[PDB]
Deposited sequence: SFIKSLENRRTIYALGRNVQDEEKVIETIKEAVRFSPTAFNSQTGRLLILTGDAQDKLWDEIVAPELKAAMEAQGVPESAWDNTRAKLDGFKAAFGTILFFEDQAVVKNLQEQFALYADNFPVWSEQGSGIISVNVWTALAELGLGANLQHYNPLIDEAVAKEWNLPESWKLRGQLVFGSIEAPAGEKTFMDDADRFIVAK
């Protein structure tokens, strides 16, 4: 069931590369994004999907050095050890066009775009979990933005929002608590 699918999606930090069918994984990532709703069907989400050598390169040659250079002013090995990383961007050129076409909603499009990024990120995350793969969501933007755009020749208009690290599950999700229903749901008739 759908609710079961949602419950199955969890943050998994212990990831490996025991992935049987990479093509199936790629297909599923694309489908999850494809069937995600966006304001005005604007489809502002953009993905860079890295595996193999590119996965090694992201973490060893971009994230690590950028992070070090920043801090000055382990975990990374665990991210690198995963099968791949899905970098989620929002296309600002489309956002700006929407703002120009529908001036009435100009202030709203950045908001709906952020919402869109969350939407496709978790739909992909949940779809991967259905395949039995784990993932965790990271935010090394904006530190790595320029290096990533240069290495993989991305349009300047792609604004990095998140990085979903994914692979085989090598240890179970941790414990998680939930709010009291009474504090977040009100039902009225």
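For this chain, which runs of the deposited sequence have no C-alpha coordinates, given in order from the N-terminus?
One region goes unmodelled: 74 to 85.
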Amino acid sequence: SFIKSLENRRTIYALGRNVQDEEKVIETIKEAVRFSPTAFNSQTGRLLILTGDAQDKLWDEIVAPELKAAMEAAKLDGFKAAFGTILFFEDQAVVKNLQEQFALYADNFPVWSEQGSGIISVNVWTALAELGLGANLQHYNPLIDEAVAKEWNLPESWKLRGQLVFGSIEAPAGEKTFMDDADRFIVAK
From here on, numbers count along this sequence of modelled residues.
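Between two forms, the rigid core is defined as the largest C-alpha subset superposing within 1.5 Å.
Using RMS Cα distance over all structures and residues, flag whichever of 64 to 72 and 121 to 129 lies farther from this form in 5 other deposited structures of this protein after a core fit.
It is 64 to 72 that deviates more in 5 other deposited structures of this protein.
Once you work out the mean C-alpha B-factor for both 40 to 48 and 149 to 157 from the entry, which is higher?
Result: 149 to 157.
Comparing 117 to 125 with 55 to 63, which has the greater mean CA B-factor as deposited?
According to the PDB entry, the answer is 55 to 63.
Relative to the other modelled residues in the chain, which third contains the C-alpha temperature factor of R17: lowest, middle or highest?
Ranked within chain, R17 CA B lands in the middle tercile.
Divide the modelled residues of the chain into thirds by Cα B-factor and specify which third, lowest, middle or highest, holds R34.
Bottom third by C-alpha B-factor.
If you rank the chain by CA B-factor, which third does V111 end up in: lowest, middle or highest?
Middle third by C-alpha B-factor.
Test of reading the entry: by CA B factor among the chain's modelled residues, which third contains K189?
Ranked within chain, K189 CA B lands in the highest tercile.
Please rank the C-alpha B-factors of the chain's modelled residues and tell me whether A82 sits in the lowest, middle or highest third.
CA B-factor rank for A82: middle third.
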